[PDB]
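This document opens with one chain alone, in structure tokens, the form deposited in one PDB entry.
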């Protein structure tokens, strides 16, 4: 319920915590804290409890010496300056009093500064609420930290990147503290940089239980596990054109900051999107009526059409409840019948390694070339196919990489995106004169799954799900996913964090394993950021584009 745990901290420990009476108050937030508050709280909720206005701490505003101010912000250089600035000098008090709530631990550097500023006398509340992540969805959290990808995968960003990493480790710890968990930490051993990141996470959450022995109280919470994965654990999934509603929309359409214009925001506060989000596009429109008909039914050879008439108004009201969403599914389908259909057939063969009939694939170019030499198909779609093919083959010679990039007419700027995928541990350049890089994510290396798929264009299953299901049954190989400490109204909870981003299909998998393969287990998936196939391509981009 992650979204409510946050709701509980904001509402009771911030808003309500400061309410001693009915005096109006102003809520001051910063870019990040606002995003954080938006996800779990609907504006009319804060506003109904004494908060009369919401301002961005950065862009200064009209002074309100008569009202106290609630500062819910990130203890940043910026923010803290603006803070001390609002009370930078008496008789100008931006406000009459200040209730300060730091989103995360405050650097003692700034702490000292502030405590001696002329702001000290106006501070009526000073706390650390510890909420340094976005409760993106009731089971998915983001650290909105895509630069960490560069940190983890660009050698140039290597050392000197530790501050970023342990900051990540601290944000993850606040996530567990919010859930009141002290899970046993595990990490994928095959990517050497993980163990090191796991220690950071462990240290950070160790510091938290130090200040609270009830964190991880026995109630099944002693079985909770926090798995640290690296993006290279499965490079296929984030590259695939997925066809479930949510995953497909963000990939095919220009939905920025989650807003789909002609405009609407896709969030869990929509309650409808929550029911259609994981649905396969093949049935979104269908089901909209299978239920709308279920509505125009619960409200009830010669046939009398009276009622239906007396009740059309209420009907047209409902049909309108789906207006924009149908406009979304429609958009995805036009896009699909346009050029996606053809891409999925090749992608599914490459990702699976078998055709729709279960047979190993062969004569790869027979289908690759035609797409590569199609001038109407974007270079990013060709790059996704190139990579899926590289990955399928387990590495390619420089020669052929060359020939493929030639046929696809891929700019030289984008060309390095393929090559760079290698910094994640994926074998793309054949011999490499080194050793064999395992590909745990390939189907022929995973547990068997039924080869009877509802849709031929959707046979792939994220490797993530295999991991989730195995962990939920105490069957996750410790030889590949070891505990760094050896060993290993309730959960337990399986917290999976991927440094490098999570795809919408993996977020979908979190829900699937939770509401099915249960034993009261709850899978919470989090990451540095939310991935889009092109978004990933853009991230591989930034390690060679300066």
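Residue numbers count along the first chain shown, from 1. What we label the rigid core is the largest C-alpha set whose atoms superpose within 1.5 Å from one form to the other.
What follows is about the form deposited in another entry, which we do not show.
Comparing C-alpha positions between this form and the one not shown after a rigid core fit, one residue in 447, 327, 311, 366 moves 2 angstroms or more. It is 311. Once the rigid core is used as the reference frame, the Cα position of residue 345 differs between this form and the one not shown by less than 2 Å.
With the core superposed, residue 289 shows a C-alpha displacement of at least 2 Å between this form and the one not shown.
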